[PDB]
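Engineer: Just the first chains of my complex for now:
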Amino acid sequence: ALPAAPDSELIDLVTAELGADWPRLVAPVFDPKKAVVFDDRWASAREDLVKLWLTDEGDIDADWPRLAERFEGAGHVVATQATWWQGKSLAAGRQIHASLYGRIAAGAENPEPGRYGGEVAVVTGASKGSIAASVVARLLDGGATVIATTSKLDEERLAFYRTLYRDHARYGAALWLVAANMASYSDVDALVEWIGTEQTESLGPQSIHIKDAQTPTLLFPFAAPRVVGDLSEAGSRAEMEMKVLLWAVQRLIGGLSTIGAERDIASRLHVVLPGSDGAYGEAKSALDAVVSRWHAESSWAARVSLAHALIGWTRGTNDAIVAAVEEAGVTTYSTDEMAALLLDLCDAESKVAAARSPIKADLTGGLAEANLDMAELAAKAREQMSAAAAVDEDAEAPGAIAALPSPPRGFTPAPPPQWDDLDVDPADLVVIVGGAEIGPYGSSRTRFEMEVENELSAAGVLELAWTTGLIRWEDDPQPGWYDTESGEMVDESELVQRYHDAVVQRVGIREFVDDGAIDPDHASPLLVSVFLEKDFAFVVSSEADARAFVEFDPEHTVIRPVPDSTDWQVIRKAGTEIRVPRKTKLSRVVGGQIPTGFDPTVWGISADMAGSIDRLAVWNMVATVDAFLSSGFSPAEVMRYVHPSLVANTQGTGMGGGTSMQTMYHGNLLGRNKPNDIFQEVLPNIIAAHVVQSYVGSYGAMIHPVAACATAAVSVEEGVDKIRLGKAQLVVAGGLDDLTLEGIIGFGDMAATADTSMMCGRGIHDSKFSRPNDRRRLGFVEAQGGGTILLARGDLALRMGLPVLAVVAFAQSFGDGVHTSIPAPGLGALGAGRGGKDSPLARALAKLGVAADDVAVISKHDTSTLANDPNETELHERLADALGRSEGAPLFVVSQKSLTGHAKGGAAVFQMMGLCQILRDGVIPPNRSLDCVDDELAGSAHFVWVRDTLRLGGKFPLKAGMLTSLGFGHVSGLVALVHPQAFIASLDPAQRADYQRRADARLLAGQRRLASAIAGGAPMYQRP
Amino acid sequence: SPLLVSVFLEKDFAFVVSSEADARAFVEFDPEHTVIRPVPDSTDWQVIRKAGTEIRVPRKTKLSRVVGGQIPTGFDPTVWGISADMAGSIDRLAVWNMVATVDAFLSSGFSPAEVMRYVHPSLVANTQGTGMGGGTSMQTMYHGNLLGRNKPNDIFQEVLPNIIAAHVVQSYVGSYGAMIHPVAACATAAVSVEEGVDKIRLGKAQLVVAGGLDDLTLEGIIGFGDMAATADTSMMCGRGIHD
Amino acid sequence: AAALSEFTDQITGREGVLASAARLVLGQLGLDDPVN
């Protein structure tokens, strides 16, 4: 109560003098670690080059000059790619696109900077649909560094400013952006000291340079006081708005003019004052404070170029007001032309004019004279808006019948590409015949729709609710799906509108939720060492047990018998130590866990089997049955068509039962009876062994590889090798990995992954932790999952009418070689390019009728660390040059790890499935976790980073794609998948129609069987 | 060792000097089941849980006289040329793989440099697949995690099954060839040998360093005896059979 | 009239008292072993 009294007087005198909301509304929010840069114009330029082709020629001539001058400042890569697109337009016969791309290439070569060149501008209060946003856009058009502050940095404003830069950037524009409070002097001081002194973040071994230096030569104090009318703060608003304008911008002027004073004399800062009859009077009053200071102090004469414009009226931040003023006679403007007529006074002539004395320019086109009063127009405005906007009706049409989830119909792939009949026979072809994954988003269908349009369909929502346990089918009162928590008739008309949010909160990259039903305080590195000499309390035990306890003790204790408890008591003297393991918690470890509440038993797995064996084996069973029944398949059909010894299984688990080993050790220490056979069921190969012994029962070769980051990829490679040698014709390849508490603890100890501390420090959302090819990445988000993919040769697929998802043109792994220095990077995946046109990769692709220029999409590894993102780009660039890739050909980058995270052993399955679905559908998924690509990635002359879903239908057919999995520990992997149309082109014309019909029937049957087991019954994994 | 201990204590809890933050972290989950008392002399807080709480005192038995096929006792891999720091740092499976690789090459009058002289570095592969992968390494890792033993922060990278052969490549042979390290848990080496001859037949390589390694741990013997699928010393001694 | 609480309390209190007295009077107990 002693300091609480004067503190109470302070708080209530603040309440009386200032108000009860002062501590909030004055609180500081600036943090130098939460700044964001948006200087990635080249990648956006390449994506816009692609998007220009993706739109028809009917919307190009109408914007020929604007699109012509939009690519005025860009790299040589953009010019080369524009020439490539111009040549392709020549080939396809588009003269209008030809001229547009040629002019784009010519403009990109121009090396003089924009007229807003080399000037750093500070704009505050830049909100959506505001004059500040428009002046920022014009500054970016001029190619100027703009450091704009904001009230808060969240996802919505992040997207708004990202789109703003990508739409308006030119030349060497770079939009810096921080979250600061304009009503707090501490944040103003931090802002000026950080726009001044350089910012070089110093990480442990090495430092990272971020901000070289900048003296802001332009300032736009456009920060609005506040748009708030629900506090009745007029008594305090009258002073706080005066503060936020006058004293805030004056101290901002002082701070921004201080930095460049002693560094470079005769470098005089320039400020534009927003001056808005009564409002104009207040603007003039605000003027003749700062300008009065200018005429007073002689230091500001040589350091600040005070200038100001009498702004008029704007039509945005309605139509009735514009009509009224245009009837009055004052000519109004919108944001863009007013911004032009405002920044036109920042040239050499206007600055020279403002040098000797401040300029007082009037940009009012008739409202300078008080012909009409603001309240006079406001009365008409209000009496008309409560006629126009006051009324609100509806014109609903008579029908009004609810809609229902569509029945399972066949897929709608993009129009297949065309190439001539292949001389190759399906005997020498290896095709991907199936494949399913179980990962952060569940199956592959939900994961791919998530990746494409970021919203689940009705089928996906229904499947994810069914699997996670939110929904269950019962037929006792009335057949239908019953909610597990309350049990009602769910209406299929509102399935999405009711369950979409719950499912998306149950799925994706998210914070670690404990689904193991065990306490989280049993595994963590911590030290406890205490020496006790006090009494030792005990419990009733046998004499033999006491003797066993005191077997090693007696030299360091005294033994006393207790007849009542029928045991012996041990009492160790000083020097003995007792183990009391204290367990800490690395709280908020976001990961890529499988969907919460994932119940494998609803897939048909028996509960006892799920409880007994490791969950990795259960996931492998689920993935295998999912792949087979999704491809309209069954192992029994394979055995009907081929001998049981010609079907093999190479499912190589990543590390092998991590949760199983940790649980077995926890049981051994805690006495938890350890299943006497769990040690057999903890080996890495036992997962695939149980899968074959349960579902498929193949007699083929059993090779389960381990690479710890590419197990699935290298298993797939060996599978294609076994098919090529003839030892098999249907190989069930794949791989799985798991994340455990030990895994995350050690990986965070490595500092090679995304530890939540710094990522929260930079204000990055939990789901956007995996940001490959991004500027502010600092490690991968480890995940759990994997799956299986089915390989077969063209003979079995054609003889059996099986669906072909892709054709494996090349599969291989590589090492990195002698490198004693571990941090030295690896580049050994270039062994697939020795000789160029004679290289094995090029030879295989040509054998399948695919040129080097014909590879379109690269599914990079992209672990999202500091190290392996640029070097993988270098590796792919060298591979492209070795294969003789044409100069300037685009190369779409699909970085799937930004969605599912880094599942160590199962990463490759996700990549192969994603590439197959990309080739089937023709759409390029976006990397929505990308804000700006790094500067060192600009050396790639072919890559095209995708930020929005490119829907390449009949306009751009993707014919091939390449996989790369740079594993952990000098192990690599290269897989090239060709479009399924290669398989059709391989076989004779008298067979393709029948094969296509049978394959489509198989796919439709598989997906409708999925739907039937979703609703009706007949569970998956029928084990006789 | 698997043992069950479950005792509920309602007596005094002696403590040691610790920071107030450490005491608060200790009593983060406790306070609903205890009373907190401060001690200015020790500058900490004292947590005293009432009845119903349990303290972990893991008693460890001994499956006495277990026999196995351990490497020769006193085996010193550093006498083969392995540096002591490397032997201490990485798992002993990786050290054994180093020893085996150098032994094979030198016994055959070989050297990887000669191979690179005769063929391109991309045509020499390495398919050494470890059986389960660093069992002693993970066992020591978890013991250090629980005992606070500060394990090397990179040992989690050096416990994965493939990292043994990976480190062997990065140290001795430096091959650019395919890296396929299988697991079969009783036939891993034969499986790797089969896949190596497969790669040779396809022409992806012409010198493949295949092989495999496995380790016996306390967990290994304990579980193997748990399934009764191994030779448990009890009945074997009961039948009067020499070790 | 369940009065077992007071007898249990006094038994425990005097047990604690004798235990407290024992460990500084260097009075060793239980030095015998069943050797029959």
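Structural biologist: Perfect, I can see it now. Residues are numbered from 1 along each chain as shown, chains lettered A, B, ... in the order given.
Engineer: How about whichever residue of chain A sits closest to chain C, nearest residue that isn't a chain neighbour?
Structural biologist: Shortest chain A-to-chain C distance, computed as C-beta to the nearest C-beta: residue-wise this is residue A:560, at 2.9 Å. Every C-beta, even on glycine, is put in place using the N, C-alpha and C of the backbone. Closest residue to residue A:560 apart from its sequence neighbours, by C-beta to C-beta, 6 or more residues apart in numbering or on different chains: residue C:30 at 2.9 Å.
Engineer: Helix, strand, or coil at the one you found?
Structural biologist: Under the three-state scheme (DSSP: H, G, I helix; E, B strand; the rest coil), residue C:30 adopts coil.
Engineer: can you tell me which residues contact it?
Structural biologist: When contacts are counted by C-beta atoms under 8 Å, 6 or more residues apart in numbering or on different chains, residue C:30 is found next to A:558, A:559, A:560, A:561, A:569.
Engineer: Name whatever forms a beta bridge with the fourth one.
Structural biologist: Pointing back at residue A:561 there. The partner list for residue A:561 in beta bridges (DSSP bridges) reads residue A:568.
Engineer: how deep is whichever residue of chain C sits closest to chain B tucked in, by neighbour count?
Structural biologist: Evaluated by C-beta to the nearest C-beta, chain C has residue C:16 as its residue closest to chain B, separated by 10.4 Å. If you count neighbours by other C-beta atoms under 10 Å in any protein chain shown, residue C:16 ends up with 10.
Engineer: next one: residue A:643
Structural biologist: Number of residues near residue A:643 (other C-beta under 10 Å) recorded here: 11.
Engineer: Would you mind measuring from it to chain B?
Structural biologist: Here residue A:643 is placed at a distance of 19 Å from chain B (C-beta to the nearest C-beta, to the nearest Å).
Engineer: how much space between that residue and residue C:13?
Structural biologist: From residue A:643 over to residue C:13 the distance is 84 Å, taken as C-beta to C-beta, to the nearest Å.
Engineer: The spatially most central residue of chain C sits in which helix or strand?
Structural biologist: Compute the mean C-alpha point of chain C, and by C-alpha atoms, centre = their mean the closest residue is residue C:15, 3.4 Å away. Residue C:15 is part of helix C:4-22, with elements assigned from DSSP states H and E.
Engineer: onto the same structure, chain D please:
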Amino acid sequence: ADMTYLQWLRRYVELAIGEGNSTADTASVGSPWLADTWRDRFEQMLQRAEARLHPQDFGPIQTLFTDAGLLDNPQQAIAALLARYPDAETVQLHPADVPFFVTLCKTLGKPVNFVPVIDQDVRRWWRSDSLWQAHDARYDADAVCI
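Structural biologist: Putting chain D together with the chains above:
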């Protein structure tokens, strides 16, 4: 479960309306239905077909069959449904429409003219309201219960 929506509705219409040859307790003249519940069942069939086939899942869309002669004549009702959903002849029935059909055949009114499923309740389905068929000439004397 193995029927397309088009042939589903065609089978229902053929089983109920037939050739228009029924001459026993007709609802009216010019109305081929023998009961209002039968036409309600048919309209619900058509509405479910619309709600399923049409390419949308969230919002209500405009339905045809605005309770006019375009519904009282079931053949042209099916034709009008086909003319706007050309896939009705190809896409098979959703698995959730089979329990819906079974329940829809169990509503109160004149019982259905058929047996929807073959199960434990086969006789109850078959013999329910099976005595009126002896009074219309559209059925043969061998096939009716006398």
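Engineer: What about the contacts of residue C:30 again, now that chain D is present?
Structural biologist: Applying C-beta under 8 Å, 6+ apart to residue C:30 gives the contacts A:558, A:559, A:560, A:561, A:569.
Engineer: The nearest residue to the last one once chain neighbours are set aside - how many residues pack around it?
Structural biologist: Looking back up the chat, that one is residue A:569. Excluding the flanking residues, the one nearest residue A:569 by C-beta to C-beta, 6+ apart is residue A:560, at 4.6 Å. Residue A:560: 15 surrounding residues under other C-beta under 10 Å.
Engineer: With residue A:62 instead?
Structural biologist: 8.
Engineer: Equivalent analysis for residue A:298, please.
Structural biologist: 8.
Engineer: how would you label the closest residue to chain B within chain D: helix, strand or coil?
Structural biologist: For chain D and chain B, the shortest gap (C-beta to the nearest C-beta) falls at residue D:95, measuring 40.7 Å. On the three-state scheme (three-state DSSP), residue D:95 is labelled coil.
Engineer: For it, give me its contacts.
Structural biologist: Counted by C-beta under 8 Å, 6+ apart, residue D:95 has contacts A:1008, A:1011, A:1012, A:1014, A:1015, A:1016, D:1.
Engineer: Would you point out the most distant pair within those?
Structural biologist: Distance extremes for those: the farthest pair is A:1014 and D:1 at 13.6 Å, using C-beta to C-beta.
Engineer: Neighbour count for the two, which is higher?
Structural biologist: More neighbours surround residue A:1014 than the other of residue A:1014 and residue D:1, with 23 against 13 (other C-beta under 10 Å).
Engineer: which residues touch the residue lying closest to that one once chain neighbours are set aside?
Structural biologist: Setting aside the residues directly before and after it, residue A:1014 is nearest to residue A:466 in space (C-beta to C-beta, 6+ apart), at 5.8 Å. For residue A:466, the contact set (C-beta under 8 Å, 6+ apart) comprises A:472, A:481, A:602, A:1014.
Engineer: doesn't residue A:243 make contact with residue A:226?
Structural biologist: No. Using C-beta atoms under 8 Å, residue A:226 is not in contact with residue A:243; the gap is 11.2 Å.
Engineer: In PDB, list the C-alpha atoms belonging to stretch A:233-244.
Structural biologist: Taking C-alpha atoms only, stretch A:233-244 is exported to PDB below (Å, rounded to 0.1, in the frame of the first residue of the first chain):
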ATOM      1  CA  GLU A 233     -13.400  11.900 -26.500                       C
ATOM      2  CA  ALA A 234     -14.000  15.400 -27.900                       C
ATOM      3  CA  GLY A 235     -12.600  17.100 -24.800                       C
ATOM      4  CA  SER A 236      -9.400  14.900 -25.200                       C
ATOM      5  CA  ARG A 237      -9.600  14.600 -29.000                       C
ATOM      6  CA  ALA A 238      -9.400  18.400 -29.400                       C
ATOM      7  CA  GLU A 239      -5.900  18.300 -27.800                       C
ATOM      8  CA  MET A 240      -4.800  14.800 -29.100                       C
ATOM      9  CA  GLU A 241      -5.400  15.600 -32.800                       C
ATOM     10  CA  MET A 242      -3.500  18.800 -32.400                       C
ATOM     11  CA  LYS A 243      -0.700  16.800 -30.800                       C
ATOM     12  CA  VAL A 244      -0.600  14.100 -33.500                       C
END
